[PDB]
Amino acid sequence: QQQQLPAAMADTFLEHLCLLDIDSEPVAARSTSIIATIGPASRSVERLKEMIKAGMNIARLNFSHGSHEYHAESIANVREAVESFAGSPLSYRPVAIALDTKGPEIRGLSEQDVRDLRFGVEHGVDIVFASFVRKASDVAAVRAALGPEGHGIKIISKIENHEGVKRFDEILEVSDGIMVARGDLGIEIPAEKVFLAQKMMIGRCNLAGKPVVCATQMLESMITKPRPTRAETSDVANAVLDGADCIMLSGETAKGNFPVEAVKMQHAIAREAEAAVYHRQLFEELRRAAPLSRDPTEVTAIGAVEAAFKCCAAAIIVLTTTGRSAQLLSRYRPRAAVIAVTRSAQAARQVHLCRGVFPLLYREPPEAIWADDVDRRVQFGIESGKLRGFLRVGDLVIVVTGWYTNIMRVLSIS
């Protein structure tokens, strides 16, 4: 009856389109992360508190412009705004910080980039958006520059030119993820071909189970105007339907006049689009094209996803230290929300890259008997689901842990 459910049960994709209902309200919480770019319009601590409230999950620091001192101020203001919501363990929203490299601008790996990457390690950024990646070797050079101290930082390679599109498979192999950087791409290849690059990369990253970001001009007109155009809302919604894990604001939040409204609008479009995904085809095709595995965590993850669909579970609660188990559930694009309980503050921030994943930083100290410790973390996950809406008593939930994460439990919520 709601969240496009009658369209969910269509027997063909054609008929699923026909059953889309503008009065079927999205009920699930919004699962595609919003990356906002920081600038004069979004730098004060008070503006950042607003943006978070509107739905910003990841803060982008664009190292094309601005001195190390400038970006250090940006990072401090973001942390200040975030911590101002750390009243309670269950109210905390992690916010990730991504550093976007300058690269080879014109107005191998530049000496400026090596300094900026050392700055970002020294300040503990979670993510590097690496500009203009053309081949695997370029990724290797960024990882070397990050050094042993930046070992847990994720590398999202920016595909921006013809070479990088044609070497995509080798680039994705060694990357944590991809950004479809439509800005330079649409100067570097014919403008009319970008949607083809975009759809091919999103599809390949979905198949590989690695996050993919759609970027640049998604709501451009909102730099000067309070409502976006019809092409712009279409573009956000279709990025989500393509498969994107994240969507992005650049000038809209970094310099325009309605940064908070831009975040709200991407949040509003993403939630309508997630409900309009035809999971029936998506799940059969990922199952079918995904190879047999003997990784116990992958095997448990696909089993949990099947069981969640079967009982219309409101949520899968996953216990994870590195994010990996949450990333493997995200890949099968459940409709249930994936609540990832973690003690790793960095993994909590990074799992925003994965669609459908809501990170929960657990703070209580361990329990002597591991099974008690597991149960506390699981109840923590349940409590935050109740608070945040999408767990009613009576719901069934799937729980995923270890005892590798290799256990799946089906639990009805009292």
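Between two forms, the rigid core is defined as the largest C-alpha subset superposing within 1.5 Å. Note that residue numbering follows the sequence shown and begins at 1.
The segment moving more, judged by mean Cα distance from this form in 4 other deposited structures of this protein after a core overlay, is 287-295 among 287-295 and 260-268. Where the structures in 4 other deposited structures of this protein are fitted on the rigid core, 367-375 is the one of 349-357 and 367-375 whose C-alphas sit farther from the shown form on average. Annotation: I156 does not belong to the positions left without coordinates in a third of the other compared entries; each one with flanking residues models it.
Annotation: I97 does not belong to the positions left without coordinates in a third of the other compared entries; each one with flanking residues models it. Coordinates are absent for 10 or more residues of the deposited sequence placed between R107 and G108. Gap check for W403 to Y404: 4 to 9 deposited residues are absent from the model. Stretches 137-145 and 234-242 differ in mean C-alpha B factor, with the higher average recorded for 137-145. When the mean C-alpha temperature factors of 291-299 and 255-263 are read from the deposited coordinates, 291-299 comes out higher. Of the residues listed, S221, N206, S250, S84, the entry assigns the biggest Cα temperature factor to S84. The top Cα temperature factor in the record, among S344, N77, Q112, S157, falls on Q112.
In the PDB entry, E274 places in the lowest third of its chain by CA B-factor. Among all modelled residues in its chain, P190 ranks in the lowest third by Cα B-factor. Split the chain's modelled residues into thirds by C-alpha temperature factor. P94 is in the middle one. Sorting the modelled residues of the chain by their CA temperature factor places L61 in the middle third. Ranked by Cα temperature factor within the chain, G385 sits in the highest third according to the deposited record.
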